[PDB]
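**Q** quick one, fold the following:
(chains A, B, C and D)
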Amino acid sequence: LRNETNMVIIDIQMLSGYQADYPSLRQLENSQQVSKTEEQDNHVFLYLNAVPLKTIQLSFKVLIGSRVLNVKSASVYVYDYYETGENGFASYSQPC
Amino acid sequence: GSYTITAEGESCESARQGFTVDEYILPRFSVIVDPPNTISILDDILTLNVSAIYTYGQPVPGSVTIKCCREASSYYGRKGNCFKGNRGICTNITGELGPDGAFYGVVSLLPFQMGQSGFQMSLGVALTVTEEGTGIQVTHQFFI
Amino acid sequence: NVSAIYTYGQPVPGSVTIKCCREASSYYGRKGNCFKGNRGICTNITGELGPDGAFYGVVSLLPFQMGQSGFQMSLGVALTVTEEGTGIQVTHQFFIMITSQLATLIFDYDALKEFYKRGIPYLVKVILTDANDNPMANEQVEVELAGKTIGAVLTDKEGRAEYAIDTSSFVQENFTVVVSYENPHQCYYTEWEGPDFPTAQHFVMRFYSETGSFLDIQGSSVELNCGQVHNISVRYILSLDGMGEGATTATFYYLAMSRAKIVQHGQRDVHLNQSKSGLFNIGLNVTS
Amino acid sequence: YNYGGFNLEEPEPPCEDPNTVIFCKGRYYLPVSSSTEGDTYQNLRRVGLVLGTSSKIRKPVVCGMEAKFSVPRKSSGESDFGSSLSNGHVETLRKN
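**A** Numbering: from 1, shown residues only, chains lettered A, B, ... in the order given. Please see the structure below:
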């Protein structure tokens, strides 16, 4: 954290057909660090004021747009704005 | 994104043939329903008739896990003012087909209240279509 | 918390069985409401006494339907008590009313004089309770004269709110004031298309004074016992243009009547040490 | 004051005209009054005492808005006295 960044962004990949919900979205926005939210074509951008040295946990309900399915795992990529190089990868299997 | 041809003619009348441009891969088979959609309070059991077949026009093997339920309402009560009360109900049932390929089947309407004051006057329905290898389904939700 | 006893004070062991239930709503049938509700959700309990005669029948209401359309706002209560040897059975039926309005606030029709005077504050005392007439803990209520909220007063821990409304600079003619309890928290649910929260309005009238100088006596909610001289209270304003300035002392005059008889005259002379007003306590010696 | 077919009320004083215009300090003003108000004259005549002091006690009432209004007689006392004085309360005699 120290003297590297004071701003963070996470993007989340969707899959097949499914989405979150705007009620969940503006429920979430009334949380700490949540400077900005964005939903874009299966890519969720979350622009967060800063970074904690401790664990910060966020969750959101996901509806299902088109229930066509495939056995694929999606990913979330986090990074910073000052220098975008320092970043982090993760993924997650579908709940099906 | 959205792209559109615009053309002007001799008398400056112009046609705008709009369209979307979004790369995509063609998908799934065919599913057909025809719900009655209109249900009286003096109805016993919901008969059903839902079909589906391949892209090729032949029956597909799988199951249909049908979801059908309804909450009551906001329901401010009678004690003097505002401040609504308690929660509601839903259920989970299922269906299967494929040999010839038909569930038809029914829905036990009795567990759901009848003529009480715990209603919002419509019922929500959400379908499902399984396959052995492909756990791929086709979306279908509506109200009665 | 029921009991029973013999002719001459003797314990009565036996079986006590209780049924309490009611129909849901039963509107009309036919073109009204043919099949609606049920025959009434109903229970049956039993218990035994015998030590000296007593039964503490606590009953759950959760099986019964609270807050729904099967309501009739009273539970018909049936008790039948028998005896071991003698199968004789003593029955008592009654209705227990299921309430709607939790809390209510009311004007005190002992105070709350209807005729008002400028500049001398009007006092408003209102009493709030819940259900089975309990004192109300510290709650905030609101006093609104025409449409403007001015009270915003906390109670005195037992629902006895009093408020001193300014009366200066009022030439108004109708003046129906009203009081309110606003709180978006209580188990209260609009029932008979009425106020969306407790309210209570008083309509009052101005009293006339050609020059303006006003007097009032403090009411009491309690009786005054014999032979106890007390110091009952009076308040007063004297405007200028009255006696004539420079004479800073006025005589107020005092009278009583028991049945038709002028009794126990009095007079008090008082110095207007301050500018124009004050108050006094009357040392009346009450007599049988 | 109307006791035993005896009135004992003295007649009202003369009324005022509804068009006399008087100016005092600012604007120019016309009479108006309310029938439904209170005077020391109505303060008394509720107990039954009588006074005859030469000073005014009756409020001057201009014409056009006199008493009318049928007869405003409500409970005026909140009575609790009565008869019968017995509900059901069937506790038949249980003692020698």
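**Q** use CA for all of it now, contacts and neighbours both
**A** OK.
**Q** which stretches of chain D form helices?
**A** Remark: helices assigned in chain D by DSSP state H are D:40-43.
**Q** show me what residue of it gets nearest to chain A.
**A** Closest approach of chain D to chain A (Cα to the nearest Cα) occurs at residue D:78, with a separation of 57.5 Å.
**Q** which SS state does the nearest residue to residue C:138 once chain neighbours are set aside fall under?
**A** Taking Cα to Cα, 6 or more residues apart in numbering or on different chains as the measure, residue C:138 lies nearest to residue C:157, with 4.7 Å between them; neighbours along the chain are not counted. With DSSP: H, G, I helix; E, B strand; the rest coil as the basis, the three-state label of residue C:157 is coil.
**Q** state the phi and psi torsions of residue C:157.
**A** Comment: the main-chain dihedrals of residue C:157 come out as phi 70, psi -10, following degrees, to the nearest 10.
**Q** what's the burial count for residue 55?
**A** Using chain A. Neighbouring residues of residue A:55 were enumerated by other Cα atoms under 10 Å in any protein chain shown; the total is 6.
**Q** can you look at chain C instead?
**A** Taking other Cα under 10 Å as the criterion, the count of residues near residue C:55 is 14.
**Q** so how far is residue D:91 from it?
**A** Noted for residue C:55: a distance of 21 Å to residue D:91, by Cα to Cα, to the nearest Å.
**Q** count of neighbours near the residue nearest to residue C:138?
**A** 12.
**Q** now do residue B:18
**A** A count of nearby residues for residue B:18, using other Cα under 10 Å, gives 11.
**Q** element containing the nearest residue to it once chain neighbours are set aside?
**A** Sequence neighbours aside, residue B:4 is the residue nearest to residue B:18 in space, at 4.0 Å (criterion: Cα to Cα, 6+ apart). Here residue B:4 is covered by strand B:2-8, with elements defined by DSSP states H and E.
**Q** check which helices and strands that strand sits against.
**A** Taking 3 or more Cα pairs under 8 Å, 6 or more residues apart in numbering or on different chains; DSSP states H and E as contact, the helices and strands that strand B:2-8 lies on are strand B:14-20.
**Q** and the strand it packs on, which strands flank it?
**A** Using DSSP bridges, the strands paired with strand B:14-20 in its sheet are strand B:2-8 (antiparallel).
**Q** contacting residues around the strand it pairs with?
**A** The set of residues that contact strand B:2-8 without belonging to it, under Cα atoms under 8 Å, 6 or more residues apart in numbering or on different chains, is B:14-21.
**Q** right, is stretch D:52-65 up against chain C?
**A** Yes: judged by Cα under 8 Å from any Cα of the partner chain, stretch D:52-65 comes into contact with chain C through residue D:59.
**Q** list the buried residues of that stretch.
**A** Neighbour counts over stretch D:52-65 (16 or more other Cα atoms under 10 Å in any protein chain shown) mark D:57-59, D:61-62 as buried.
**Q** stretch C:104-116 too?
**A** Residues of stretch C:104-116 classed as buried under the neighbour-count rule (16+ other Cα under 10 Å) are C:104-107, C:112, C:116.
**Q** how close does the residue in the stretch 1-150 of chain C positioned nearest to chain B sit to residue B:77?
**A** Nearest to chain B, among the residues of the stretch 1-150 of chain C, is residue C:100, at 4.0 Å (Cα to the nearest Cα). Distance of residue C:100 to residue B:77, computed by Cα to Cα: 10 Å.
**Q** mind listing the shared neighbours of those two?
**A** C:189, C:191.
**Q** which residues of the chain fall in helices?
**A** As the question left the chain open, I've gone with chain A. With helices called from DSSP H, chain A shows them at A:22-29.
**Q** chain C was what I was after
**A** C:30-33.
**Q** these two touch, right, residue C:80 and residue C:20?
**A** No: counting by Cα atoms under 8 Å, residue C:80 sits too far from residue C:20 to count as a contact (11.4 Å).
**Q** so what's residue A:82 up against?
**A** With contact taken as Cα under 8 Å, 6+ apart, residue A:82 is in contact with A:5, A:7.
**Q** give me the nearest residue to the residue of the stretch 1-150 of chain C found nearest chain A, chain neighbours excluded.
**A** Of the stretch 1-150 of chain C, the residue with the smallest distance to chain A, taken as Cα to the nearest Cα, is residue C:67 at 28.8 Å. The shortest distance from residue C:67 to any residue other than its chain neighbours is 6.6 Å, reached at residue B:77 (Cα to Cα, 6+ apart).
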